[PDB]
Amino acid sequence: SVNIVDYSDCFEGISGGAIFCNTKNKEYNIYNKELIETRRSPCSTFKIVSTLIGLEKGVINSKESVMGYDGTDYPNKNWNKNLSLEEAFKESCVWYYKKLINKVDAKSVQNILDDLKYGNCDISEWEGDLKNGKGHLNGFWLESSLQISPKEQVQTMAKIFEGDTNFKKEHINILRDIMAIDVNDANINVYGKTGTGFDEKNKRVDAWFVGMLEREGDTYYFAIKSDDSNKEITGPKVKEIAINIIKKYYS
């Protein structure tokens, strides 16, 4: 079942690991086991769960749902509008997801994380890593108190998308909808979300791509993670590595 594998050829000399799990036939493919078991901040990958929280609590209702943009100026052009759930997810729009999560009481979030077994489920630093100076552009899921391992990410993904949580199927399908990506291969369906952060304590990136793939009957849940010391390594870069792994070993 648990197969140690070597995907270093796809990592282009970047430090990281990967885990792919097929729950039907229990095949667990692990590259860099120590890293895959290490908890780190989820960064923007948490938007997968925060979207479901918002849908479940009725803060948002569909992929068109808006959060009432108030005119605040942001450097990313596409944050400066009353964007829908679908575009806020794809743009990783921090103000949208901060306003969303701050409409939900802390006990509801704690119980949902507990139910999902979401890493350390530690939301004690609700406001986030305020020492970085970024103020309200912060939260417990952004290089702060909440931490989860790549293995636990995969377990959470599988629980959600195999229908094993109490989240509504309608809401699960919205997530599938907005997480779908185009890999120029119609023979596989890939879904995911990136994450980018810098671990200031250890001087290492937290660069993520987490999601799942479907091809000809089988579904693999996956998490690819870099902990490189090179600050240029981002979520988008690790998503490229993930796509190379998928095209090479999961075709």
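Start at 1 and count along the sequence shown; that's the residue number.
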Quick one: higher average CA temperature factor, 192-200 or 60-68? 192-200
Between 230-238 and 21-29, the record assigns the higher mean Cα B factor to 21-29
Determine which member of 49, 210, 205, 43 has the highest CA B-factor, using the values in the deposited entry. 205
Ranking every modelled residue in this chain by its Cα temperature factor as given in the entry, which third contains residue 53? lowest
If you rank every modelled residue in this chain by C-alpha B factor, which third holds residue 153: lowest, middle or highest? middle
Hey, what third does residue 110 fall into on Cα B-factor, ranked over its chain? lowest
Entry-reported C-alpha B-factor of residue 127 relative to its chain, by third, is middle
Taking the chain's C-alpha temperature factors as the reference, tell me which third residue 146 falls into: lowest, middle or highest. middle
